[PDB]
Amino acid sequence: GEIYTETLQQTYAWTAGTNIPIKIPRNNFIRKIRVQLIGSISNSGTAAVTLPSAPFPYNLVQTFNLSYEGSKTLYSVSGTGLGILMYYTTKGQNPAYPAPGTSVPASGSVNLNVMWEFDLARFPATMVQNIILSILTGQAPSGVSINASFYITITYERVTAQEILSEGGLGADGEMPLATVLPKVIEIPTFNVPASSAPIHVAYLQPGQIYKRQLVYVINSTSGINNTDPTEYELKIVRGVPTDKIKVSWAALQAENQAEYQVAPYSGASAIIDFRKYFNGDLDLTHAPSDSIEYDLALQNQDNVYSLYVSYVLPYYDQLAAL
């Protein structure tokens, strides 16, 4: 149907360590939600303050949680992970002011403008209840104060009953359209991954979803996300005859991202795995067994690993299989 965008009148002030539940209006089907943290950062001290390195300013939001009907989760990601995903998907153009390392003059301030977007495919919002975007804010960088608010912008699509019938109608339970694709973007951490020259097991991909791409970044206790500890990435099938599906160096992966996203790496410790580039289409594990596919890393130092999965699920997967 007709696609249009509008910005909610109600804004939400940024305060440290605060969980901000935002109700999303169900005016029509929703294709996406945009969040912009806009305002300023001030320094009332006597010396100029150098703002922190990456993942600032994205870590000014600790976590984003998008859910409906109380228990159904569309997104569960940190402000950092979603921000890095924005960096790549926007060819590094995503608004992220001020840049890491920016200086805030004594008795001065700098402009703040950070953006994040949630792709909801074409969510049948008019058919569900209580869509809530929860923003758990992060902490203020040392030596400064944050003076800003979150602006919410929604992209809708007016989907008529006629279009729905034309696209197969509703699914068996009559809850949503048959052709519904539900995003399932979840960030999963893995702490204390030991240094290794050969890739070691980080985690298994859970079945029940279709994997499109995986964003992986690593944190070093000294240099944070600005490190070059990862050297190799491996996606291996462990169930049955052990078989690697992906075995690449971090540099080669980042080179692939460069071509794909037309932008240099967010840092030496971040990379994206577009599964369709290694499988015929996306990695569909809807009915796959558990603990069958793992992703492994070779790290120069023992670090904490973060994996943000850009996946989706078909609520009526089976029915659609008919064709």
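Position 1 is the first residue in the sequence shown; the rest follow in order.
Peer 1: Looking only at CA atoms, which has the higher mean B factor in the entry: 71-79 or 167-175?
Peer 2: For C-alpha atoms only, the mean B-factor is higher in 167-175.
Peer 1: If you take the mean CA temperature factor per stretch, which one wins between 285-293 and 46-54?
Peer 2: Averaging CA B-factors over each stretch, the winner is 285-293.
Peer 1: If you compare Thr102, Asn227, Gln93, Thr243, which has the highest Cα B-factor in the entry?
Peer 2: It is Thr243.
Peer 1: Return the residue from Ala259, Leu66, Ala264, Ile41 that has the highest Cα B-factor in the entry.
Peer 2: Largest recorded C-alpha B-factor: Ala259.
Peer 1: Going by the CA temperature factor in the PDB record, which third of the chain does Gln254 belong to: lowest, middle or highest?
Peer 2: It falls in the middle third of the chain.
Peer 1: Determine, from the deposited record, the chain-internal third of the Cα B-factor for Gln209: lowest, middle or highest.
Peer 2: It belongs to the highest third of the chain when residues are ordered by C-alpha B-factor.
Peer 1: Tell me, lowest, middle or highest third: where does the Cα B factor of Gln62 rank within its chain?
Peer 2: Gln62: CA B-factor falls in the lowest third of its chain.
Peer 1: By the recorded C-alpha temperature factor, relative to the other modelled residues in its chain, which third is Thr153 in?
Peer 2: Bottom third by C-alpha B-factor.
Peer 1: Give the position of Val144 by CA B-factor within its chain, expressed as the lowest, middle or highest third.
Peer 2: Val144: CA B-factor falls in the lowest third of its chain.
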